[PDB]
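Protein chains: 2
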Amino acid sequence: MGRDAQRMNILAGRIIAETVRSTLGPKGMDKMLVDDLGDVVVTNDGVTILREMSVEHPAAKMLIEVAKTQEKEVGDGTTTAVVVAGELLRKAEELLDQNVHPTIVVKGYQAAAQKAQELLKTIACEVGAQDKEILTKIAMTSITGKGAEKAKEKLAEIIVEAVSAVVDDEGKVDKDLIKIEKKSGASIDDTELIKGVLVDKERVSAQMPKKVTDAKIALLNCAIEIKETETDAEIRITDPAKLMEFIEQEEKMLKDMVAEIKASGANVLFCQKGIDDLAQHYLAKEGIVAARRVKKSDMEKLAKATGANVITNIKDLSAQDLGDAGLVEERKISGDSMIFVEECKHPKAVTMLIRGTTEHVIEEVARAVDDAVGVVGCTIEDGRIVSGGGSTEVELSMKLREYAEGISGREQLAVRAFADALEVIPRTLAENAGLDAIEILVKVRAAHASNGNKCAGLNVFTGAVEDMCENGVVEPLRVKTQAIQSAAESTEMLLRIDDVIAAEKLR
Amino acid sequence: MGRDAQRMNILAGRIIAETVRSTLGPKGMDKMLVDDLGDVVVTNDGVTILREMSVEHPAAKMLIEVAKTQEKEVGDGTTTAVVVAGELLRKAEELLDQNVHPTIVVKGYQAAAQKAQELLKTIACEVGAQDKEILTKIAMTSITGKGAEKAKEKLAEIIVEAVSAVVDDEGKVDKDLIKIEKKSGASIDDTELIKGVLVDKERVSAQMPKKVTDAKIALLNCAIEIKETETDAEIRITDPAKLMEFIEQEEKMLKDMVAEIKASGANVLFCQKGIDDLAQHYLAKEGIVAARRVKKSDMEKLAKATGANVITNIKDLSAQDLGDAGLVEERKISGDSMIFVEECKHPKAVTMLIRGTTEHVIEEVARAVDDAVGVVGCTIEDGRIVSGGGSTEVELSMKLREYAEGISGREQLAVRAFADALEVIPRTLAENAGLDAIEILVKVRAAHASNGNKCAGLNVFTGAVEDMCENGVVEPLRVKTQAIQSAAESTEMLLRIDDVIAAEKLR
Ligand SMILES: Nc1ncnc2c1ncn2[C@@H]1O[C@H](COP(=O)(O)OP(=O)(O)OP(=O)(O)O)[C@@H](O)[C@H]1O
Ligand SMILES: Nc1ncnc2c1ncn2[C@@H]1O[C@H](COP(=O)(O)OP(=O)(O)OP(=O)(O)O)[C@@H](O)[C@H]1O
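Going down the list, the sequences are from chains V and X.
Residue 507, in my numbering, is where the first sequence stops; the numbers in between run on with no holes.
Residue 507, in my numbering, is where the second sequence stops; the numbers in between run on with no holes.
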């Protein structure tokens, strides 16, 4: 009973752990996912694989739940954490044949995790905020498995210039709002960096100007038209010449309503609903930008950038509830028509537009930008950049072997197993090639046996061995520490189960 | 085809390799062997196990043939060699999963064997011929799995005093003739060391003396009686009074024949055949020892000890074909009657008699004496006594790990595997106990990580760890080097087979 239900839980986890094994290197194979209706999709990363997966077995759920909590942190060390956890489980499964029972292995892993975390903090350097040439290599190496055939130089010079705006001034809080729009076009790969406001909404009546200098943005909500809500106090009619007079008065009231806004100092009208065609001419004889259908996601970016308040009615508008803009234009680019408002006041956030050919290419960039800025915000606030490319694990493996010699007991085999399991990263990064096999792992192991030589690792774009800091791979340390912590926490939630029962009571 | 016939040859060898695994330690279990007729025997060693074994499979024959050639050398490193070979095969079977094919492993083993042989010659000391207290510990530790409940002190003081006779004078050639007789008795365990000649033959006529001082041994073969062979030249008869006269003359000729031997200087008569009862009185009136039925194995020890020649006839005896003795006696000890001739001339060989209770105890000593002198003759001629008890393998394992770091390539995994396979001796010597398990191997591994500390090993008569040279375990180095050579030669005769065919032609 103790050994029957224990091996099944490990066998059920090793199947889902080795699924994202091939999707780890920069030049690895993709995954084809089909559905019952007939939706064939292609996924190259490992985050989407863990979501759309048959979680019918209880063992194939806790690991995914743990990985989802770690992916929402930095979003980079998700697949490697699952690979390390699977390697640890496979290494610990063989150690159960000596009849020692799972207990000392957990203590050994807990003792080795602290040593690894202490050693990782001593193999890094100090990166200040006055650098610039160092902050671009991390952005260049962040886009490898997504699509290096078009994103390797153009997408590495516009992210650093866009993020470095409020992070260098305040190195603590830099929570921005970055929105990526999924739209196609006709070009190969075009990247636009809008330094203003982007509105994704067209019109139907092209009878309004689209070039106003130093215009002012005025945010107006509802309660503007004649009928939009309801009225509890009902009215009555007496003479037929009174209703027509009231209608004419309510129609002419719009003239003075627009004149008041013009005299207050505003030339841009942003309404939540739609603007009637009869209210356009009144906005054309005065030079006021007419717009309609403003999404809340696009409207919330106007109060913190231009500087204006909202009006719940129509008679609550004065002079302090106005903003300031630069140039509002409506160009037809990439098929659809979008509104560009340039020169605001406080350039906090930024907008990035990607134009490709079909429809699956732009989406491929949608999962690449969010994973490219996340490695930047954790760089200025920290600065403990280590040597990426599978060099930290090999360096820690040479130290754990000599550190485990100072202790005596059955806990040394656990530390040795944890140290040997760290060599799975170079084996997976070299399996995608053909001229690597196993000689690369032997050559990179005896190279770090001297005094120095630490930045050397492995690159799949050459074949030989060289330094990683001189090429352009500078993976941070947080993405490794969080991955190691997740792997050490997930490997203990399965060995401490042993038996499994069932019940008919909810919760 | 290449991987189908290869795994079967290893699986057929691993079954016969792990059979003598339990029969290695001093306090291990025995083996019960049955036959078709119904012969149930008990064997504690591993040499007899390899002989009486079903060799119906071709893989289970070459290893036995190789072990038989090594057992005839010193007769001590036979079971351990098979254990090391099986461990090497089991370790190399797992390495074939990476698809490297057997080739570099053989080169790695050949490179590691030379390094091990060079390191073994540097961890020994110098033992001269003037020692005495050191030469008894090797004889005491040679009898452990045979029967330490009666052989641990009495059998450790009579072997050194018997071997040290012609070895200290000539330290090169010491080929002697040691014969062990299998006879029972009534005592618990008695050991007699005869410093002369022992004859295992009784009589039927107890009418001859058995106490003659400074007697002389005269070796006489056949051609003594009246009729023993044949005659081609036939004779005839003429008068009846002639045949009786010839018979009387031939009968009286024996009187002068014995008188001539008495005048020549001889009192002991050793004949190959039997002596008639009528020829006894003629040997009683002169004081001559009468004996009959002398085996060739007991007769060949008279020409090199007493110093006498043989006579093919009867008239070829003069005075130079005589020997010299001391005291010839015929005592009835342990049931049977044996002849003891003490005080010879050149005490070259020696005779050892073991008296037990039943019939299987004495035989248990028969397989213990030959394995106790063989470790002595190789001690004076060599003198490279190392620390026994499973301490040389652990010492070489710590050196091979650091020696394999100086090379690069796929040959390092073979050296590492060969080094890790050497740790099977302490695991087998500690498996027979209960309070050992695996902690002993971990404790004896980190103890040799300092500068000195080399004589420490493992003893099954205490439980803790201490030095082996101070207890009484001094296993020589030749029994280890020959075992390592046999294990390295036997592991290459199976991996170089791959495919196997058949034919109908003899040879
Ligand atoms: N040129 C390179 N040389 C060495 N290693 C590289 C190189 N490019 C990328 N890598 C490695 O690839 C890894 C990233 O792989 P990829 O972006 O394909 O998926 P991932 O981001 O690991 O997926 P997840 O975020 O789900 O873990 C990094 O950890 C990095 O070490
Ligand atoms: N007190 C002891 N402490 C440690 N090791 C011991 C002790 N006594 C014996 N041994 C080990 O036991 C081994 C001998 O075992 P045993 O005599 O039972 O069979 P064997 O002679 O090895 O059989 P074979 O001659 O077929 O190999 C020696 O190699 C020695 O190292």
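For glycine and all other residues, C-beta sits at the position ideal for the given N, C-alpha and C.
query = Taking any Cβ of chain V, which residues in the region 423–440 of chain X have a Cβ under 8 Å from it, in chain order?
reply = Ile-438, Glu-439
Requested in this report: Give the residues of chain X in contact with V:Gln-412, contact being defined as C-beta atoms less than 9 Å apart.
Outcome: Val-442, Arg-445, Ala-446
(Q) Any heavy atom of ligand 2 closer than 7 Å to the beta-carbon of X:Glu-475? (A) yes
Consider the C-beta atom of V:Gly-185 and the heavy atoms of ligand 1; say whether any pair is separated by less than 7 Å. no
CB-CB under 7 Å to X:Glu-52, same chain, minus the five flanking residues each way: which ones, in chain order? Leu-33
Problem - chain V contact residues for X:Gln-98, given Cβ-Cβ distances below 8 Å - result: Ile-438
Would X:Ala-421 and X:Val-460 be called neighbours here (beta carbons separated by less than 8 Å)? no
Would you say the beta carbon of X:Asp-370 is closer than 7 Å to some non-hydrogen atom of ligand 2?
no
Self-check item: Start and end residues, beta strand (DSSP E) containing V:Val-197
Solution: 196–199
Within 10 angstroms of its Cβ, does V:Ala-218 collect 16 or more other Cβ (buried), or is it exposed?
buried
Checklist entry - Does DSSP put V:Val-415 in a helix, in a strand, or in coil? => result helix
Between V:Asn-459 and ligand 3, is there a pair consisting of the residue's CB and a ligand heavy atom that are separated by less than 7 Å? With respect to ligand 3, the structure shown offers nothing to examine, as its ligands consist of ligand 1 and ligand 2.
Query - Three-state secondary structure assigned by DSSP to X:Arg-355 - result: strand
Nearest to X:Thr-462 (by Cα), restricted to the options X:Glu-133, X:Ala-430, X:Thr-213: X:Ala-430
Requested in this report: Return the first residue and the last residue of the alpha helix (DSSP H) that X:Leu-88 is part of.
Outcome: 79–95
Where the alpha helix (DSSP H) through X:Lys-61 begins and ends: 59–71
Next item on the list: Kindly list the residues whose CB is nearer than 7 Å to the CB of V:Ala-366, restricted to its own chain and excluding five residues on each side of it in sequence; keep chain order.
Entry: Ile-180, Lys-182
Tell me the DSSP secondary structure of V:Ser-264 in three-state form. helix
**Report entry** N- and C-terminal bounds of the alpha helix (DSSP H) containing X:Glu-342
**Finding:** That residue, X:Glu-342, is in no alpha helix (DSSP H); its beta strand (DSSP E) goes 337–342.
Going by the CB atoms, is the gap between X:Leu-95 and X:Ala-417 shorter than 8 Å? yes
Are at least three pairs of beta-carbons, each pair with one atom in the region 355–373 of chain V and one in the region 388–407 of chain V, less than 8 Å apart? no
Q.
So that I know if they touch, is there some Cβ in chain V lying closer than 8 Å to that of X:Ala-92?
A. no
With distances taken Cα to Cα, identify the nearest neighbour of X:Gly-335 among X:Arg-292, X:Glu-202, X:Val-341. X:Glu-202
Are any of the Cβ atoms in chain V nearer than 8 Å to that of X:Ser-450? no
Checklist line | Residue from X:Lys-273, X:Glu-475, X:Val-258 with nearest C-alpha to X:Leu-283 | finding: X:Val-258
Notebook entry, point to check: Thinking just about the alpha-carbon of each residue, which of X:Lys-107, X:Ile-138, X:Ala-112, X:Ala-17 is nearest to the one in X:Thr-79?
Noted result: X:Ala-17
Report task. Could you check which residue in V:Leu-177, V:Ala-148, V:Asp-200, V:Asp-45 has the C-alpha nearest to that of V:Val-20? Result -> V:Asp-45
Output yes if chain X places a C-beta closer than 8 Å to the C-beta of V:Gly-409; else output no.
-> yes
* Asked: Which residues in chain X sit within 7 Å of V:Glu-405, going by Cβ to Cβ distance?
  -> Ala-446, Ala-449
So does the region 114–122 of chain X actually touch the region 323–338 of chain X, counting three or more Cβ pairs closer than 8 Å? no
Residue range of the alpha helix (DSSP H) that includes X:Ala-113: 104–120
Is V:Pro-26 near ligand 1, judged by its Cβ being under 7 Å from some heavy atom?
yes
With H, G and I counted as helix, E and B as strand and the rest as coil, what does DSSP make of V:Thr-136?
coil
Throw me the rounded Cβ distance for the X:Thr-141 and X:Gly-472 pair, which I believe falls under 8 Å.
6 Å
Cα-Cα separation, V:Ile-407 to V:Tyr-109: 14 Å
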